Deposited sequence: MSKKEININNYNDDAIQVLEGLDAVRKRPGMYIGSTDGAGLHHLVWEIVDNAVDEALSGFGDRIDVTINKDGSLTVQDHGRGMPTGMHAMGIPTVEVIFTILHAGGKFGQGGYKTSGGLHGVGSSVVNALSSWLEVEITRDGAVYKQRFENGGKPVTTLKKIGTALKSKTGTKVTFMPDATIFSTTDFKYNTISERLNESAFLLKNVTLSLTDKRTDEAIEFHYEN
């Protein structure tokens, strides 16, 4: 297994996301959403909220266990490792192809955040920013796709709606939501089984 840095993704984005048009753009969404869905499939979290922000960024929020908040080697957070080493893999690929990315993790009474910029260079460490009830857990990821890479950076509400509907149907007993802050449009999907 040859590990790579995020430069590799940025130099050959098609190898990771298929293309740099709208299909590629929306693959970034699918990677992040899929990580939230896997966590719910494992039984952690009953809602996954997706927001298309006014600034063009996109947020996915789950209520799963929260990415681990500890360290890997050399004082590097586990989360930073997940987001910055390519095991070529979703999180690091989206980070690489984003002009900025923020991950917020809530667990154990604490809220932590790390911010990356300019294709996934950390501009902070994983820092405690606040507190929450001990019962509160989850992961939140927000990213701004890199307009220097994609031919289009406009997320399409209908495209995302359809994919989240399908994901809700396959998962069962989990609410998937989409809110578009550009247009105020909103929808929820939930299939009981």
| item | value |
| --- | --- |
| Ranges missing from the model, given as deposited sequence positions | 1-16, 105-121 |
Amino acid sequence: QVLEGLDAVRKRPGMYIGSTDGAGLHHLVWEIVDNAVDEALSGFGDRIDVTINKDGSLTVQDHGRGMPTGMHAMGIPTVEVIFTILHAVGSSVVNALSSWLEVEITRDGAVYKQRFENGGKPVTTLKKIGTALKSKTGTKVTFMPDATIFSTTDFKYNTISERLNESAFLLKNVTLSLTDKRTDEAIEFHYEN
From here on, numbers count along this sequence of modelled residues.
{"query": "Other entries modelling both neighbours but not residue 85, at least a third", "finding": "no"}
{"query": "Stretch exceeding the other in mean C-alpha B-factor - 32-40, 150-158", "finding": "150-158"}
{"query": "Residue 63 CA temperature factor, ranked by third within the chain", "finding": "lowest"}
{"query": "Residue 176 - which third its CA temperature factor falls in, relative to the rest of the chain", "finding": "lowest"}
{"query": "Ranked against its chain, the third holding the CA B-factor of residue 128", "finding": "highest"}
{"query": "CA B-factor placement of residue 96, once the chain's modelled residues are sorted into thirds", "finding": "lowest"}
{"query": "For residue 2, the third of its chain into which the C-alpha B factor falls", "finding": "highest"}
